[PDB]
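Following: one structure in structure tokens, then a few remarks.
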Ligand SMILES: *[C@@H]1O[C@H](CO)[C@@H](O[C@@H]2O[C@H](CO)[C@@H](O[C@@H]3O[C@H](CO)[C@@H](O)[C@H](O)[C@@H]3O)[C@H](O)[C@H]2NC(C)=O)[C@H](O)[C@H]1NC(C)=O
Ligand SMILES: *[C@@H]1O[C@H](CO)[C@@H](O[C@@H]2O[C@H](CO)[C@@H](O)[C@H](O)[C@H]2NC(C)=O)[C@H](O)[C@H]1NC(C)=O
Ligand SMILES: *[C@@H]1O[C@H](CO)[C@@H](O[C@@H]2O[C@H](CO)[C@@H](O)[C@H](O)[C@H]2NC(C)=O)[C@H](O)[C@H]1NC(C)=O
Ligand SMILES: *[C@@H]1O[C@H](CO)[C@@H](O)[C@H](O)[C@H]1NC(C)=O
Ligand SMILES: *[C@@H]1O[C@H](CO)[C@@H](O)[C@H](O)[C@H]1NC(C)=O
Ligand SMILES: *[C@@H]1O[C@H](CO)[C@@H](O)[C@H](O)[C@H]1NC(C)=O
Ligand SMILES: *[C@@H]1O[C@H](CO)[C@@H](O)[C@H](O)[C@H]1NC(C)=O
């Protein structure tokens, strides 16, 4: 509550320079981010507390009940610091000190063991990560698989011609209209 | 096989399912949204009249009429977006019916995965389902080729087809089915010398 | 997010926001549909192959030179020479948006495999021809594939082999100017800059909007309760709440529009790749200016850039006909 400037967050050392006149620093978002302590001329650095979107990775509810959790846009070493009673809105703080964690560009997901083999995507994550319920049975997040590679034996005197043909019926579905409604 | 494929899993009809789901889900929100008090004292009109003076009951109602009317407006706008999306799907469906069904289209990957032969439309609830019939080349054998051929000191070309040989002597065949033929002047036109 | 964008760090504000019900719970539903869609467009544009082909080590295609479009192993990232110019010319604080609850999720298909799919599409159209867009990939000599595209144009294939070296040198000089032309002006990539600009510009209004008064005593959330009595504070705070809530509604209903103008472009590109790249098309002036030989795709940030190779008649001699 610096001079009545109510706010919440964590304050660190700020390398930004204030002129002796200037008191409050403002960002592009037009809000305070740095304050000058009345007792100590050193400039603080206001930034909001640790937060972010909470994503749950779940298979079919009937299939299983383990649900790995992915944390959005946070360093994976920060959420262990966040663990404290009356300090975290979720009461399920067990996963923060939970199973083996894997860190990606979309934060680190907890409750799923990263397997370094390749599988086709079942549940999208982002940045080439796809969690799935595989083999006892748990949740594993792997890297995106683009399909098995297939070299072509190209040669400047070689040609390949199909000696046989097959007819396969392919389906395709398109909506044409929704329900007419009135209010 | 198509009979079993569609009925094997419920995810085959996914495109049609959310069209009737999003509509049936937006209505639920609209019905639920009238329960909101919208900052007023209550959420039912009759109690506002029965318990508040008409000089200031309008102010409480003002936050309710404007709140409900605006909430109704966002539902209509959420419908024009979908109407502009289905219209972009009906026209694509209309193009499929015009080209894939009523005729044959040489456009690759437009009426099936591969060469297109024909189609059969099928009626669907709030949509249409097509049955593309495709020609797909089967197992193949590679051969040794040559762009041209010289017989009388003069270049020779395939009139339509490609030149192939199994190792001993050459043959001309179609592009999509190995049907070798003896090289003949009828399948060949000369163009200049072979140097 | 709902609570912290409207009533952040204020338990005396988020409590009364529930009085509006699921009004902004529908906001997350709307912006989730656009989110998953941007991971669906890229799935149906760059991924029309079930195999990941690799070009042979030698790059001598009968006089044709493709070093400007094949992936470059020398660079640590598998990106083609043309790809490098596109990425540099496309330019994406960013942290301040996050602190207001405006996250930027990363796409499912990361940029590395996007240039890997494009490597596959450049590994079939130069070795296997257009037959790998219809089934089993079959190799043909690239000296012959011109005689097939030329056959569909209308000219007999004899004009090719009599003029192969002339064409290859003509092609080699043609692909080189694309490197110069793309970097010549920054307005060439204008159709991609505005896409990231409009998205970036829209967020600027949103963060600046929450500092507006909306007719209230003060735009600051906390000082309203700390300076005015509670009898009219709820009325006072209501028009501040509806100001931010309505502003979020305006942004989302405009963002859906921009999705539609992109969803339309995604389908156009998907047809372009299915026709202009995976084959030769008879749709005049649909895959470039002039008769169409083939096409080569190249990835780009938040977009795709094609390289149509069109056939244009040169000078002519008028004749007398019957
Ligand atoms: C590549 O294709 C050519 C064309 O079919 C093959 O040449 C032909 O081969 C068959 C048997 O493989 C020959 O038939 C036999 O000919 C002998 C000749 O004395 C005859 O006594 C037998 O009763 C039988 O009819 C056929 O004559 C021959 N074509 C010619 C013009 O001589 C060739 O064998 C194939 N090579 C490979 C490696 O597949
Ligand atoms: C295909 O074109 C590229 C582009 O010019 C060629 O790369 C050149 O290789 C020579 C070889 O000494 C170098 O001096 C040039 O500096 C290279 N160009 C660039 C832009 O770096 C490549 O050699 C060509 N390939 C074939 C087979 O002709
Ligand atoms: C057709 O046009 C091409 C180029 O558009 C001509 O090729 C050029 O010919 C001149 C003179 O013979 C040479 O100096 C150039 O080096 C050639 N260019 C290339 C890329 O090789 C060609 O001569 C023209 N043919 C006719 C019959 O007019
Ligand atoms: C339960 O979930 C499974 C998914 O493994 C599904 O196959 C099954 O139909 C579900 N049963 C229900 C929803 O009754
Ligand atoms: C956390 O920050 C450190 C900074 O040194 C960085 O090295 C690390 O990769 C970050 N981890 C995550 C999960 O963001
Ligand atoms: C891949 O995973 C296996 C088992 O999970 C492990 O033994 C191996 O060391 C891993 N490889 C790398 C390169 O980390
Ligand atoms: C095929 O390419 C190689 C690579 O340069 C070349 O040595 C060979 O002569 C070519 N084939 C023919 C038939 O010219």
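Residue numbers (the UniProt record's numbering), protein chains in the order written: chain A, 542 to 676, 689 to 736; chain B, 933 to 1127; chain C, 737 to 828, 849 to 1078. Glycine is no exception: its CB is placed at the ideal position from the N, C-alpha and C atoms.
Counted within 10 angstroms of its Cβ, other Cβ atoms place residue i as buried (16 or more) or exposed
i                       : result
residue 994 of chain C  : buried
residue 1054 of chain B : exposed
residue 1001 of chain B : exposed
residue 567 of chain A  : exposed
residue 887 of chain C  : buried
residue 791 of chain C  : buried
residue 1039 of chain C : exposed
residue 1046 of chain B : buried
Through-space distance from residue j to residue i, alpha-carbon basis
i                       : j                       : result
residue 850 of chain C  : residue 934 of chain B  : 50 Å
residue 622 of chain A  : residue 592 of chain A  : 12 Å
residue 800 of chain C  : residue 926 of chain C  : 10 Å
residue 979 of chain C  : residue 959 of chain C  : 26 Å
residue 573 of chain A  : residue 853 of chain C  : 14 Å
residue 1066 of chain B : residue 723 of chain A  : 7 Å
residue 986 of chain B  : residue 972 of chain B  : 15 Å
residue 711 of chain A  : residue 1041 of chain C : 34 Å
residue 860 of chain C  : residue 1005 of chain C : 19 Å
residue 1003 of chain C : residue 941 of chain C  : 37 Å
residue 991 of chain B  : residue 977 of chain B  : 12 Å
residue 811 of chain C  : residue 819 of chain C  : 11 Å
residue 1105 of chain B : residue 956 of chain C  : 57 Å
residue 556 of chain A  : residue 585 of chain A  : 9 Å
residue 643 of chain A  : residue 589 of chain A  : 25 Å
residue 793 of chain C  : residue 707 of chain A  : 10 Å
residue 550 of chain A  : residue 542 of chain A  : 11 Å
residue 677 of chain A  : residue 607 of chain A  : Since chain A is numbered 676 and then 689, with no step between, residue 677 of chain A has no place in the structure shown.
residue 646 of chain A  : residue 666 of chain A  : 10 Å
residue 983 of chain C  : residue 545 of chain A  : 12 Å
residue 868 of chain C  : residue 944 of chain C  : 24 Å
residue 1048 of chain B : residue 1064 of chain B : 7 Å
Assigned secondary structure, residue i (DSSP; H/G/I helix, E/B strand, else coil)
i                       : result
residue 877 of chain C  : helix
residue 1059 of chain B : strand
residue 1107 of chain B : coil
residue 949 of chain B  : helix
residue 636 of chain A  : coil
residue 581 of chain A  : coil
residue 954 of chain C  : helix
residue 773 of chain C  : helix
residue 863 of chain C  : coil
residue 567 of chain A  : strand
residue 932 of chain C  : helix
residue 665 of chain A  : strand
Proximity below 8 Å, CB of residue i to CB of residue j
i                      : j                       : result
residue 898 of chain C : residue 882 of chain C  : yes
residue 892 of chain C : residue 1072 of chain B : yes
residue 757 of chain C : residue 974 of chain B  : no
residue 648 of chain A : residue 612 of chain A  : yes
residue 931 of chain C : residue 804 of chain C  : yes
residue 908 of chain C : residue 784 of chain C  : no
residue 777 of chain C : residue 1022 of chain C : yes
residue 947 of chain B : residue 728 of chain A  : yes
Closest by C-alpha distance to residue i, when choosing among the options
i                       : options                        : result
residue 1012 of chain B : C/1013, C/970, C/791, C/1022   : C/1013
residue 1111 of chain B : B/1123, B/1098, B/1019         : B/1098
residue 780 of chain C  : C/805, C/750, C/1046, C/1030   : C/1030
residue 610 of chain A  : A/576, A/650, A/603, A/661     : A/650
residue 1027 of chain C : C/1015, C/1043, C/1016, C/1017 : C/1043
residue 989 of chain C  : C/748, C/742, C/744, C/741     : C/748
residue 1010 of chain B : C/1063, C/763, C/1068          : C/763
residue 917 of chain C  : B/1080, B/1062, B/1074         : B/1080
residue 571 of chain A  : C/1064, C/1032, C/738, C/963   : C/963
residue 579 of chain A  : A/563, A/652, A/620            : A/563
residue 876 of chain C  : C/938, C/786, C/863, C/900     : C/786
residue 559 of chain A  : A/552, A/548, A/576, A/569     : A/576
Residue i at chain E interface by Cβ criterion, 8 Å
i                       : result
residue 1088 of chain B : The displayed structure is made up of protein chains A, B and C, and chain E is not among them.
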